[PDB]
Each structure stands twice: as structure tokens, then as C-alpha cells.
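For reference, structure08.cif is printed below; it contains mmCIF, C-alpha atoms.
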data_entry
loop_
_atom_site.label_atom_id
_atom_site.label_comp_id
_atom_site.auth_asym_id
_atom_site.auth_seq_id
_atom_site.Cartn_x
_atom_site.Cartn_y
_atom_site.Cartn_z
CA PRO Y 1 46.28 223.91 -9.61
CA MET Y 2 46.75 224.60 -13.35
CA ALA Y 3 45.88 228.30 -13.30
CA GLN Y 4 47.53 229.67 -10.17
CA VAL Y 5 50.12 226.88 -10.11
CA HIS Y 6 52.84 226.02 -12.66
CA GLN Y 7 51.40 228.55 -15.12
CA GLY Y 8 53.61 231.61 -15.44
CA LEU Y 9 56.74 229.61 -14.71
CA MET Y 10 59.27 228.94 -17.45
CA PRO Y 11 59.80 225.27 -18.45
CA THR Y 12 62.87 223.89 -16.70
CA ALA Y 13 62.83 220.94 -19.07
CA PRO Y 14 64.62 222.08 -22.26
CA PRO Y 15 62.90 220.65 -25.38
CA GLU Y 16 65.84 221.90 -27.42
CA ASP Y 17 68.24 219.61 -25.53
CA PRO Y 18 71.27 219.16 -27.84
CA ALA Y 19 72.43 216.07 -25.94
CA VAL Y 20 69.96 213.85 -27.80
CA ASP Y 21 71.49 214.83 -31.14
CA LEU Y 22 74.93 214.64 -29.54
CA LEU Y 23 74.38 210.88 -29.40
CA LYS Y 24 74.55 210.61 -33.18
CA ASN Y 25 77.10 213.40 -33.33
CA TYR Y 26 79.36 211.35 -31.08
CA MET Y 27 78.61 208.21 -33.08
CA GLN Y 28 79.40 210.25 -36.19
CA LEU Y 29 82.78 211.54 -34.98
CA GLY Y 30 83.44 208.10 -33.55
CA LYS Y 31 83.63 206.76 -37.09
CA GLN Y 32 84.81 210.05 -38.58
CA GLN Y 33 87.80 210.03 -36.22
CA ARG Y 34 88.46 206.39 -37.13
CA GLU Y 35 88.16 206.96 -40.86
CA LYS Y 36 90.28 210.10 -40.61
CA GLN Y 37 93.14 208.89 -38.42
CA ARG Y 38 94.65 205.87 -40.18
CA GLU Y 39 92.00 205.32 -42.85
CA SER Y 40 93.07 208.45 -44.71
CA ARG Y 41 96.81 207.81 -44.68
CA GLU Y 42 97.03 204.04 -44.43
CA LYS Y 43 93.71 202.90 -45.84
CA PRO Y 44 93.99 199.13 -45.17
CA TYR Y 45 91.36 198.26 -47.79
CA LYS Y 46 91.95 200.20 -51.01
CA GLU Y 47 95.67 200.89 -50.72
CA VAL Y 48 96.36 197.22 -50.05
CA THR Y 49 94.50 196.02 -53.14
CA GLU Y 50 95.84 198.87 -55.29
CA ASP Y 51 99.42 198.19 -54.17
CA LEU Y 52 98.83 194.52 -54.92
CA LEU Y 53 98.40 195.44 -58.59
CA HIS Y 54 101.70 197.30 -58.34
CA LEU Y 55 103.24 194.29 -56.60
CA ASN Y 56 102.15 192.08 -59.51
CA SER Y 57 104.09 194.27 -61.92
CA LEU Y 58 106.80 194.59 -59.28
CA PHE Y 59 108.07 190.99 -59.34
CA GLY Y 60 108.09 191.32 -63.11
CA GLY Y 61 106.49 187.99 -63.91
CA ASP Y 62 106.60 187.65 -67.68
CA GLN Y 63 108.76 184.66 -68.58
#
Spell out the structure here as C-alpha cells.
Amino acid sequence: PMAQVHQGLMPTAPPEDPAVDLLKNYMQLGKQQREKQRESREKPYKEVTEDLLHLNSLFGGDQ
């Protein structure tokens, strides 16, 4: 083996396999999609608190 076997044959196992990175790519777009769908328009964290400041001035509590 070694010399007259296997040698001279191209590796059928791709070391550049993009599927390994695709794991984090998919995890990435998993959150990216989430944070881009409703998070951009709605934004249930910052817009709620910001609007709450508006709401405080909205009911016009002064006296």
C-alpha cells in the first residue's frame, strides 16, 4: 500500500467543506432574521421604553 495505492488519487474528502461554517452562518441568520423581521420595525424593548417616556408626557400629569 501507500506508494502504489491511494497515492495519485485526489482526496474525496473536502477539507474546504463550507457546511461546517454554514452551522454558524445559519445560527447567524437565525438571529439576524429574527432581529430584522419584527425587531427592526416593532422593537419590543427600546420602542416600548421610549414610548413610555412619551406616554408619561401624554397623560399630561402636572397638577
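Here atom CA of residue 19 of chain Y is placed at a distance of 21.8 Å from atom CA of residue 34 of chain Y.
Interatomic distance, atom CA of residue 32 of chain Y against atom CA of residue 51 of chain Y: 24.4 Å.
Across the structure, atom CA of residue 46 of chain Y and atom CA of residue 61 of chain Y are spaced 23.0 Å apart.
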